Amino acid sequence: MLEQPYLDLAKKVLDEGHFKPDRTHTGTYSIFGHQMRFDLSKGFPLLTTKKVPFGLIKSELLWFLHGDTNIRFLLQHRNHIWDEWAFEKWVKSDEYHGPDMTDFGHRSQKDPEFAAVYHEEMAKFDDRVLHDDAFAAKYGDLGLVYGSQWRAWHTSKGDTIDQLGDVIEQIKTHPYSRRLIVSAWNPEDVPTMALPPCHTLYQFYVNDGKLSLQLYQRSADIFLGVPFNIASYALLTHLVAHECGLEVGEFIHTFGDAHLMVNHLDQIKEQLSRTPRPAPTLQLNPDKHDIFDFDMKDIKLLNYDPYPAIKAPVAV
């Protein structure tokens, strides 16, 4: 089907990746340099062989698109993808008084006890950010996150560039530009960052009135990360194609070090048992075009029929 390349990417790593140790010394099977294409005219690449939550995908993209960097928008949509990065700062801080939460990363993984004190202090932090304004400002803003890299890149001369809004301008005016690139990799910030971006950059390409997109993704978790990353970019590709009035062409996904966590082998094997079903369809508010002022309701998924979801332990 249309997910096939995702599945070939996973088989390829199973019976061809060498063992590579990683940071959280879980170890991993890894290959380097891979590239898939999805033809977005054939359907939208949300995996059917397993249940991916579109809603989390949507809220995060829109959050990136509004150029927002503050957790609060997400929590408002019940999207917690980014909580630990914000909460970490709370924890490592003066105004913080409480159960030390040092490397709660692991220590909530080996300890049902601790993991109820954490999955609990979190519960409040999140609530605080929702309710206390000045709190959200201090703790819920993340600073350097896709939203601000795409929409407000800091110049050395103190101003801010809206790369993404600029490139779309150019797409309407010089469709054939070979220079239609958005980068999230800042070399001054990149040493002092908790997670220098995974999605290093992307490039638009237009021809025969179709828009394409290729993503350079430095590092991929095949099981957990990639099924999400594919949907965001594909969505992005559509929104842009909508705003510039083009048709959608392809989304190309290039990887650097694409890997499987060594303890995801069972799960990913189970998945390879399943047989893809036809892909869902994407659908856009034909009235609204300014994609920056786009809302949950303006974007919607048709005919999504996935296999059950698959629990996998997450790497700490």
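The numbering used is simple: start at 1 and walk along the sequence shown.
Averaged over CA atoms, B-factors in the entry run higher in 265-273 than in the other of 41-49 and 265-273. Comparing 215-223 with 184-192, the stretch with the higher mean C-alpha B-factor in the PDB entry is 184-192.
As recorded in the PDB entry, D94 shows the highest C-alpha B-factor of the residues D208, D94, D166, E243. In this structure the maximum Cα B-factor among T102, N229, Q170, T200 is found at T102. Sort the modelled residues of the chain by CA B factor and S156 lands in the highest third. Per the deposited record, the Cα B-factor of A10 falls in the lowest third when ranked against the other modelled residues of its chain. Ranked by C-alpha B-factor against the other modelled residues of its chain, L236 falls in the lowest third. Split the chain's modelled residues into thirds by C-alpha temperature factor. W82 is in the middle one. Sort the chain's modelled residues by C-alpha temperature factor and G33 lands in the lowest third, per the entry.
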